[PDB]
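There are 2 protein chains.
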Amino acid sequence: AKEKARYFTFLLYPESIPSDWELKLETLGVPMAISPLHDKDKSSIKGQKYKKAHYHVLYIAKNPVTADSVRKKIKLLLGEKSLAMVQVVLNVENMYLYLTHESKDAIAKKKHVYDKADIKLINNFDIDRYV
Amino acid sequence: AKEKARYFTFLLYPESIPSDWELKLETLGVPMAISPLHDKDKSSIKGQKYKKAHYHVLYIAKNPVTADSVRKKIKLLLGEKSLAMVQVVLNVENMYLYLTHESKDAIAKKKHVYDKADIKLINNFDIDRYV
DNA sequence: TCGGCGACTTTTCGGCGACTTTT
DNA sequence: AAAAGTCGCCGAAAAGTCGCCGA
Ligand SMILES: [Mn+2]
Ligand SMILES: [Mn+2]
């Protein structure tokens, strides 16, 4: 009895993805919203500069499918270590604001807040359609 | 069978806790109330002026959980030796005023009275809701 | 007596190949 | 045949109680 759902978020690392990863993700025909790059997140480790550059993708599947469905589809796309920690997204509004660290979880924990503009929306991601 | 309860008090020693302990207690997401620093308690031994610096944390679990649980929950958070003497609290109010030694028993036994201003409330600890 | 800790138990949840349904 | 999708099944950690205490 795995959970089937429409909204997912996962991480992409610049190392494990090919050059054209952006055009690579457009192919699937599914609305995505790709956070700006996270080169400046404070690590929960002493003396430690920042966490590694990563992305937060917000993935809007067209029908209820399972976490594993999405992991594998992007594992085919970009390399089997391309992504990590695919999760089911419960509140879309938050996990969109979370790409900027400008949700309330993030500013409450005072994390470094990125630029609205660098978010990349693939196949006409409509924030309003899902809220 | 051990006792289940929602209200707890335990002690925090500044030596055994990391710099960012205060913020790390906020992570647990639980209403806490942290005594002002207890650096001038009268020691019960002759020629011993003060007791070792401590804090009294006042801890409100979201569901009746066991003394031991809270102990694990905090060892893992601040270090195996971070805390001490976790007990269940039967009257919050009295034990709230005890953080300043302004309860009945504290003023009764002539304990050193600290300043409210230094009390720290974590996650919107609202003493009034508890009476 | 009653706070304590290691041993244990129990959820919790994200992986990943293997099997299965869909195209 | 191939794509996509889910199904067992594993592991680890974050949680929790239990056993015995021990001063
Ligand atoms: Mn991040
Ligand atoms: Mn004290």
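Top line first, the protein sequences correspond to chains L and Y.
Take 808 as the starting number for the first sequence in my numbering and just add one per residue.
Take 808 as the starting number for the second sequence in my numbering and just add one per residue.
Think of the CB as a built atom: it goes at the ideal place given N, C-alpha and C, for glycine as much as any other residue.
- With fewer than 16 other Cβ atoms inside 10 Å of its own Cβ, L/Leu897 counts as exposed.
- The beta strand (DSSP E) runs of length 3 or more contained entirely in the region 856 to 896 of chain Y are, from start to end of the chain, 862 to 873 and 890 to 895.
- Judged by DSSP in its simplified three-state form, L/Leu844 adopts coil rather than helix or strand.
- Comparing alpha-carbon positions, the option among Y/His845, Y/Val893 and Y/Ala874 lying closest to Y/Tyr857 turns out to be Y/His845.
- The Cβ atoms of Y/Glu810 and Y/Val895 lie closer than 8 Å to each other.
- Linking Y/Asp922 to Y/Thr907 through their CA atoms gives a straight-line distance of about 7 Å.
- Beta-bridge annotation (DSSP): L/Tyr814 is paired with L/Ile867.
- Taking a cut-off of 8 Å for Cβ pairs, the region 831 to 838 of chain Y and the region 861 to 877 of chain Y touch, as three or more such pairs fall below it.
- Non-local C-beta neighbours of L/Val872 in its own chain, meaning closer than 7 Å and more than five positions away in sequence, comprise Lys811, ordered along the chain.
- Secondary structure at L/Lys916: coil, using DSSP grouped into helix, strand and coil.
- Nearest C-alpha to L/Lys847 among L/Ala874, L/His919 and L/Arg878: L/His919.
- Here the alpha carbon of Y/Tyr905 sits roughly 27 Å from the alpha carbon of Y/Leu883.
- In terms of Cβ geometry, Y/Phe815 and Y/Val899 do not form a close pair [threshold 8 Å].
- In the assembly as shown, Y/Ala840 is a buried residue. Its beta-carbon has 16 or more other beta-carbons within 10 Å.
- Apart from the 5 residues on each side of it in sequence, L/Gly886 sits with its Cβ closer than 6 Å to the Cβ of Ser823 in its chain, given in chain order.
- Boundaries for Y/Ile852: no beta strand (DSSP E) harbours it, and the DSSP string shows neither H nor E there.
- Apart from sequence neighbours up to five positions away, the residues of its chain that approach Y/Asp912 with a beta-carbon distance below 8 Å are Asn901 and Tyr905, ordered along the chain.
- Rounded to whole angstroms, the separation of the alpha carbons of L/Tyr820 and L/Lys879 is 16 Å.
- In this structure, DSSP gives L/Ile934 a helical state, which the three-state scheme calls helix.
- Shown here, L/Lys927 sits in a strand according to DSSP, grouped into three states.
- DSSP, reduced to helix, strand and coil, places Y/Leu819 within a strand of the structure shown.
- Those residues having their beta-carbon less than 5 Å away from any non-hydrogen atom of ligand 1 are, in chain order, L/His845 and L/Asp848.
- In this chain, the alpha helix (DSSP H) harbouring L/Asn901 covers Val899 to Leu904.
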